[PDB]
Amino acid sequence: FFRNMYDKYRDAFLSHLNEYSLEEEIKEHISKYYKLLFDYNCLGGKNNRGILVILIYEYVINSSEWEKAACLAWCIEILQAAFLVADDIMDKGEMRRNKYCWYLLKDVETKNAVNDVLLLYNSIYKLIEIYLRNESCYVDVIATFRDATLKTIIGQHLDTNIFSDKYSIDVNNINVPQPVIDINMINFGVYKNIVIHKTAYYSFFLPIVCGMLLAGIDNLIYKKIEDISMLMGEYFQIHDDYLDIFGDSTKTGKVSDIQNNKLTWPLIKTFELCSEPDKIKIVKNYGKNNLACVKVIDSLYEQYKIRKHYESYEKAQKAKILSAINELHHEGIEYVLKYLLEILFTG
């Protein structure tokens, strides 16, 4: 029920900037721009990560305590915003949450979007200071945001570069630019490395740890939660990979993995199932901004019944996660994680 406190946190941060030694008119331009940056990119999502903080906190309460908990929830949503803006610059996105990517806007462009990624990212730490500077968990909380972010950056790095010629640097080459798949990297082990780092830590481990830290939980439970977070991050990204091909942009709110030369679960599954001749077709057709090329890939995914293989992967993983959840021996958190698991795809 933390949707109502958004304005407070936004305004707290905008107030900080408003204290700057700047002319009044300039300050007006600043608040106008940054009010839009926050609203445009922090709102519209399922808010799964934010809600997770609130639920964990509650199940591990006066209105002053909620203020801290909800601050941390919105801090994770602001992190999510920073990530999506950056991710859309990097992957040249078109749409995100059913509207134009921030960086594509003529009043914004790549140059502002880059600066804005940093602003959103830093605003998180200023908010945590404002609301949590006097909590004993303060240092641990900022360290958790920091470390999860580091993992995400490394995951994003691998996702971006896994098929590049440097993973198969020339500091004198600024002239000769071509995306190709590298068959050696088309396997589940590599994929899990990538997805766990890119997704699991900030989407699951972080929000859960925030709730627990603030609740006053060193304790061996933190390790168990790290392990469950990994299973969930993988479950989550594979489902994201599945929708990229077999979903409607109307539901996902975003437009392209194939033409973007991404290592995805459907590519890895197809690759392990298909004939040698189709391995050659994939190589020849993947990662090409060309209609005929992506259609070839689409057809292979249908040919090799990827829908069916996802349907049964989902079953096995959901059972493996439920089994890891039961071994936590904490009634409250177990409930939250089972609930999260149900609500994952819809919010």
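Only the largest set of C-alpha atoms that superpose within 1.5 Å between the two forms is called the rigid core. Position 1 is the first residue in the sequence shown; the rest follow in order.
S.K.: Can you check whether 29 to 37 or 287 to 295 lies farther from the displayed model in 8 other deposited structures of this protein, averaging C-alpha distances as RMS after superposing on the core?
M.R.: When 287 to 295 and 29 to 37 are compared in 8 other deposited structures of this protein, 287 to 295 lies farther out.
S.K.: Could you bin the unmodelled part of the deposited chain lying between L273 and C274 as none, 1 to 3, 4 to 9, or 10 or more?
M.R.: Per the deposited record, the segment joining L273 and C274 has no missing residues.
S.K.: Count up the deposited residues without coordinates from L322 to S323 and drop the result into none, 1 to 3, 4 to 9, or 10 or more.
M.R.: In the deposited sequence, nothing is left without coordinates between these two.
S.K.: Averaged over C-alpha atoms, is the B-factor higher for 69 to 77 or for 114 to 122 in this PDB entry?
M.R.: Higher mean C-alpha B-factor: 69 to 77.
S.K.: For the C-alpha atoms alone, is the average B factor greater in 188 to 196 or in 244 to 252, going by the entry?
M.R.: If you average the C-alpha B-factors of 244 to 252 and of 188 to 196, the larger mean comes out for 244 to 252.
S.K.: Looking at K35, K315, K279, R49, which has the highest Cα B-factor in the entry?
M.R.: Highest CA B-factor of the listed options: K315.
S.K.: Looking at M95, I153, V141, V176, which one carries the largest C-alpha B-factor according to the PDB entry?
M.R.: Highest C-alpha B-factor among the listed options: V176.
S.K.: Comparing against every modelled residue in the chain, figure out the third that the C-alpha B-factor of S168 lands in (lowest, middle or highest).
M.R.: Highest third.
S.K.: Grab the CA temperature factor for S203 from the record and place it in the lowest, middle or highest third of its chain.
M.R.: It belongs to the lowest third of the chain when residues are ordered by C-alpha B-factor.
S.K.: Which third of the chain holds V296 when residues are ordered by C-alpha B factor: lowest, middle or highest?
M.R.: Answer is middle: the recorded C-alpha B-factor places it there.
S.K.: How does the C-alpha B factor of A215 compare with the rest of the chain: lowest, middle or highest third?
M.R.: Within its chain, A215 is a highest-third residue by C-alpha B-factor, going by the deposited values.
S.K.: Which third of the chain does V336 land in by C-alpha B-factor: lowest, middle or highest?
M.R.: It falls in the bottom third of the chain.
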